[PDB]
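Working notes, beginning with the structure itself.
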Amino acid sequence: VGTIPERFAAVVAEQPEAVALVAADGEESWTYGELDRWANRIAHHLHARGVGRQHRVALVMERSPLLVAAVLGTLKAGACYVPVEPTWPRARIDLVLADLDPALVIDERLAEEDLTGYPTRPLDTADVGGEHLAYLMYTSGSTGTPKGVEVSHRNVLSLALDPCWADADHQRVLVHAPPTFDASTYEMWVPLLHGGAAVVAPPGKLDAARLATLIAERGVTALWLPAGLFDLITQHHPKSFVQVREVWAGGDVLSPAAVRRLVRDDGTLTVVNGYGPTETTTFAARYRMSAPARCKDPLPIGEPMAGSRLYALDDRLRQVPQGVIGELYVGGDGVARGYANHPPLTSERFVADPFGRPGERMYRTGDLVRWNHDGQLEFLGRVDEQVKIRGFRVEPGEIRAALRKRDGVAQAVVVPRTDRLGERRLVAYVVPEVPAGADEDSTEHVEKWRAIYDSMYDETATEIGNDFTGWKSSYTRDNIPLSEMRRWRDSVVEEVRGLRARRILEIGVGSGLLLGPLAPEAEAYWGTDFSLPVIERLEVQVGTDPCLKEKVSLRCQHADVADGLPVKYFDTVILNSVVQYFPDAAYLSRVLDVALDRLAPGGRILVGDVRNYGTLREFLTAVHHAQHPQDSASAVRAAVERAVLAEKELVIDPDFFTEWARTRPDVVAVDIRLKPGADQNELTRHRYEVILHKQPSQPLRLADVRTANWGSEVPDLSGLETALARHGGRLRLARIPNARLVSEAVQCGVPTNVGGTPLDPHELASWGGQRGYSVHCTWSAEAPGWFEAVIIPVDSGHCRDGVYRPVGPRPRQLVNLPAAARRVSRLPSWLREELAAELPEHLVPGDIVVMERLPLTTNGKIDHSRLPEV
Amino acid sequence: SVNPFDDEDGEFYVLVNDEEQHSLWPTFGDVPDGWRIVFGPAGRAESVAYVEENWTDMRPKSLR
Ligand SMILES: CC(C)[C@H](N)C(=O)OP(=O)(O)O[C@@H]1O[C@@H](n2cnc3c(N)ncnc32)[C@H](O)[C@@H]1O
Ligand SMILES: Nc1ncnc2c1ncn2[C@@H]1O[C@H](CSCC[C@H](N)C(=O)O)[C@@H](O)[C@H]1O
Ligand SMILES: [Ca+2]
Ligand SMILES: [Ca+2]
Ligand SMILES: [Ca+2]
Ligand SMILES: [Cl-]
Ligand SMILES: [Cl-]
Ligand SMILES: [Cl-]
């Protein structure tokens, strides 16, 4: 005989009056005879509805006595039973049923069906053999969709007719594992094929305390228990295992301390460490703990089962010698037929066996193993990214795929983390999708800024351009001194006067800080601003003084909108400390194109007070460590990652302006430089000026000046005099550590990183001024901490190009996305809800952390150590 | 190192059983008894592409 019904028929022949099946209550119980007749009635009912040989029957049922009857009835009809968890989401249930496309779908309504009409004799049918399918069970798939393992009758009989089961230990077995999980194959067939009793535990999730009750009260002799759930029950309820003879514990690595609680020198209770994947039918290896001396700190998975054959193989498919690590391959009669509807994946994983019978195949587990000194097989982790969470086999790629196909998400990585309690769980790091040309929230982001500025400006009297409302330091939360704010303003005015401005347009005029000093000696001064309260204040202010009444114009409109502004009239457009309030890169690009149309030939756009994206992370680590000095290095990186994504102001890398200028042929010069002065604040440290000149300006080409590194080529300022002499005045000094950021770090308490011997950009300019040079300082594309300085013989020619030089292809992220900051905060909540409606609960990760970019290693692959903790 | 069955930049055969079950298999190895090579030396992508086209029916010669 070579089928499950044939072997089950042999049991009922001997013991028709013995108890086969027991309910969760304990009140009801069925004999082998009663169970056989009940199963036959189901087999006739299935035949009436069209179920024949080699058909698939989906059992969408809870764990019950009726389910045990149904699987027997399915097998008696020559069919293949496929358990489906009814507590799964409908998305997953419909996915499995679609992939399976079964002959019939039974559910809870089978209980309501009247089976008394059908006969209680055998159905006979066409003759079934060993290689016909008994069941299908679905494991987690790396691609995204789940993969059903096709298991045969002789595969089940290989497991079920191991000589180890030929005794009274499995007289009363607890059936509590889910039907979808293959431990259920052990729980059902071991007692049912040896004259034992299947004690069916009640439906749903059963905690350690609830199992401990049932084990004791039902008089359970044998058990399956997952390694995690074994550890809890054996800690809190060791008194439950008094009448238990055998406990098979596995799934994950088994705790040695957990076993020592149960096992004693008398050896009435034996614990078995059961190893095996689904593809080799439940158990492939076993290690018996009879006495406590056998419990080692390594906890070996042991020796093979009767039907199994274990091969520890190297990268060239040769058998590994003793005490050497190899990958485990499982041969023998337990090896499954393959994956349902995936022939290439089957040919990949179910491979040809060089050690077994000619035709036979060998399953590739992907588990690392080693034969120890004693000759027992040890488990030494895992090759690939597969991991087990609360007993369930999880492939992270299944999670990644479900996340990746949602709207606001580009990439994803999913990893396990061990919590403070000890239990393993998942965390998914995801990066949001960045669409070009703004979103629906872009206009809403501008309106929030307008509403903020209207409320500030409306109500809340003085002179024109001499008021600085009050700017606070991000480090201390105190006010920035007005002497520093005056110098900040005067540097911008000095630069406009230096360019010899006549017809000016200031976009985002404000209270008139630049309008006050510049408009009196200007031919024309136009000013746009989207807040109507300021325009109406300024229109009253300029109305009093008749000197600048005819000159000045004040329009209330957005920076994006060009409507009504003079075309090719102005010689300079000012965007001073306004760009930061724009929603995205496309908006900034559009306003610059608008500003370019305003300029007559020869003019320039002056973009002032631009937040540097290259040093945003070093700014935010400084602010955070200043406010929270007790926090650890991991807690800082976690907090900074949130701060970057939560930033409501627009922050631009200098490469944006060079990229912007290449498409525009009219733009002949791009002058990017650091802020001037010796003031120590966030404005001077992290902001910069950009000047963009139109076609007939004729600039100084400083892009192709001969360079020299600070660390390597020219050690000190004495060497600079020598280097400037050899190169003949024209030299640009690179890789200079920025002393402004070093001062920021020591004051805020940040460790930082750079080379030795930093220079202050202002001191370098003063140093150059003494020696007859003008030093033009700018950012380094090579590093945030570094900065470049172009040294030229002194002159008043305010028209330069290529002061900032890009290095390598780096358009990875030029600007941040403040308009999407609110959607980023909603993603962790929203994605949990989305995956909970699609996937099983164990596949839904505990926490979802958002990041602007995944930390990469130098070679290219993902850097797991940099990923922030929860 | 990487596993030989997932090598990508590697040379492969496609073996078949007496029961017409296909198996991917690397060319350096000692070919097992009771398997014959149907797809001569090739890359992994084209070896995988062969199995999709040619296996089709996954039943182990019971009726098939
Ligand atoms: C009834 C058995 C335990 C069940 N068939 C099962 O868990 O198989 P699954 O397909 O879910 O995956 C397996 O889990 C890991 N594993 C199983 N027993 C283990 C043990 N005793 N120490 C460590 N890992 C073990 C293996 O890496 C393998 O991939
Ligand atoms: N999208 C937008 N369109 C037009 N004006 C804007 C804007 N976002 C902000 N502003 C304006 O820009 C000003 C920023 S305050 C800076 C004022 C002035 N440029 C100076 O250098 O001192 C505010 O008055 C605000 O009303
Ligand atoms: Ca025993
Ligand atoms: Ca489980
Ligand atoms: Ca200046
Ligand atoms: Cl009944
Ligand atoms: Cl079949
Ligand atoms: Cl805002």
| message | Take the residues in the stretch A:288-338 that are under 20 Å from A:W165 (Cα atoms) and of a type in the set (K, R); name whichever of them is farthest from the other protein chains (Cβ to nearest Cβ). | response | A:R288
| For the subset of the stretch A:465-481 comprising residues that are in contact with a helix residue (DSSP H, G or I) (Cβ under 7 Å, 6 or more places away or on another chain) and not hydroxyl-bearing (S, T, Y), which member is nearest to ligand 8 (Cβ to nearest atom)? | A:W471
| task | Could you tell me whether the stretch A:482-502 includes any residue that is of a type outside the set (G, A, S), over 30 Å from A:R800 (Cα atoms) and more than 16 Å from ligand 8 (Cβ to nearest atom)? | result | yes
| Restricting attention to the stretch A:763-773, does a residue exist that is touching a strand residue (DSSP E or B) at 6+ places or on another chain (Cβ under 7 Å), part of a loop (DSSP other than H, G, I, E, B) and under 26 Å from A:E618 (Cβ atoms)? | no
| note | A careful count of residues in the stretch A:736-747 that are surrounded by fewer than 21 Cβ atoms within 10 Å (Cβ to Cβ) and either touching a helix residue (DSSP H, G or I) at 6+ places or on another chain (Cβ under 7 Å) or within 15 Å of A:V714 (Cα to Cα) (or both) gives 1
| request: Working only within the stretch B:31-45, note down all residues that are more than 7 Å from every other protein chain (Cβ to nearest Cβ) and of a type outside the set (G, A, S). | output: B:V31, B:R36, B:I37, B:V38, B:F39, B:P41, B:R44
| message | For the stretch A:347-373, give me each residue that is of a type in the set (V, I, T) and more than 7 Å from chain B (Cβ to nearest Cβ). | response | A:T365, A:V369
| Among the residues of the stretch A:508-522, how many are within 16 Å of ligand 5 (Cβ to nearest atom) and either assigned to a loop (DSSP other than H, G, I, E, B) or out of contact with any helix residue (DSSP H, G or I) (no Cβ under 7 Å at 6 or more places or on another chain) (or both)? | 2
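Per-residue answers, yes or no, for (1) in the same structural domain as A:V151 (by TED's automatic domain parsing); (2) within 16 Å of ligand 4 (Cβ to nearest atom); (3) within 14 Å of A:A43 (Cα to Cα); (4) of a type in the set (D, E):
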site: A:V82; (1), (2), (3), (4): yes, no, no, no
site: A:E85; (1), (2), (3), (4): yes, yes, no, yes
site: A:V96; (1), (2), (3), (4): yes, no, no, no
site: A:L100; (1), (2), (3), (4): yes, no, no, no
site: A:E131; (1), (2), (3), (4): yes, no, no, yes
| query | Of the residues in the stretch A:617-661, how many are part of a helix (DSSP H, G or I), among the hydroxyl-bearing types (S, T, Y) and closer than 20 Å to A:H864 by Cα? | reply | 1
| query | Just checking, which of A:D124, A:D99 is among the acidic types (D, E), surrounded by fewer than 22 Cβ atoms within 10 Å (Cβ to Cβ) and within 14 Å of another protein chain (Cβ to nearest Cβ)? | reply | A:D99
| If we scan the stretch A:851-870, do we find a residue that is in a helix (DSSP H, G or I) and either over 16 Å from the mean Cα position of the chain (by Cα) or over 30 Å from A:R424 (Cα atoms) (or both)? | no
| said: So the check is Cβ under 6 Å with 6+ separation or different chains; which pairs have a first residue in the stretch A:491-509 that's small (G, A, S) and a second one that's away from ligand 2 (no atom under 15 Å from the Cβ)? | reply: A:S491/A:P676; A:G498/A:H798
| query | Can you tell me which residues in the stretch B:1-30 are facing another protein chain (nearest Cβ under 10 Å) and over 17 Å from B:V51 (Cβ atoms)? | reply | B:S1, B:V2, B:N3, B:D18, B:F28, B:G29, B:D30
| message | Tell me the residue from A:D162, A:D167, A:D101 that is on the phi > 0 side of the Ramachandran plot and away from ligand 8 (no atom under 16 Å from the Cβ), please. | response | A:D101
| message | For the stretch A:234-259, give me the residue count where each residue is surrounded by fewer than 16 Cβ atoms within 10 Å (Cβ to Cβ) and over 39 Å from the mean Cα position of the chain (by Cα). | response | 4
| task | Test A:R611 against the criterion of being in contact with a helix residue (DSSP H, G or I) (Cβ under 9 Å, 6 or more places away or on another chain), among the basic types (K, R) and not in a helix (DSSP H, G or I), and give yes or no. | result | yes
| query | Which pairs do you get when a residue that is polar (S, T, N, Q), found in the stretch A:442-456, comes within reach of a residue that is in a helix (DSSP H, G or I), reach meaning Cβ atoms under 6 angstrom, with the pair 6+ apart or on two chains? | reply | A:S442/A:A819
| note | Checked the stretch A:661-685 for anything within 24 Å of A:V623 (Cα to Cα) and of a type in the set (D, E); matches are A:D679, A:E682
| task | Might you check whether a residue that is in contact with a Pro (Cβ under 9 Å, 6 or more places away or on another chain), buried (at least 18 other Cβ atoms within 10 Å of the Cβ), under 14 Å from A:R361 (Cα atoms) and at the interface with chain A (Cβ under 7 Å from one of its Cβ atoms) occurs anywhere in the stretch B:46-55? | result | no
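In this analysis, Cβ positions are derived from the backbone assuming ideal geometry, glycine residues included, and neighbour counts consider all displayed protein chains. What is reported rests on the model, the rules as stated and the sources as named; these are not laboratory values.
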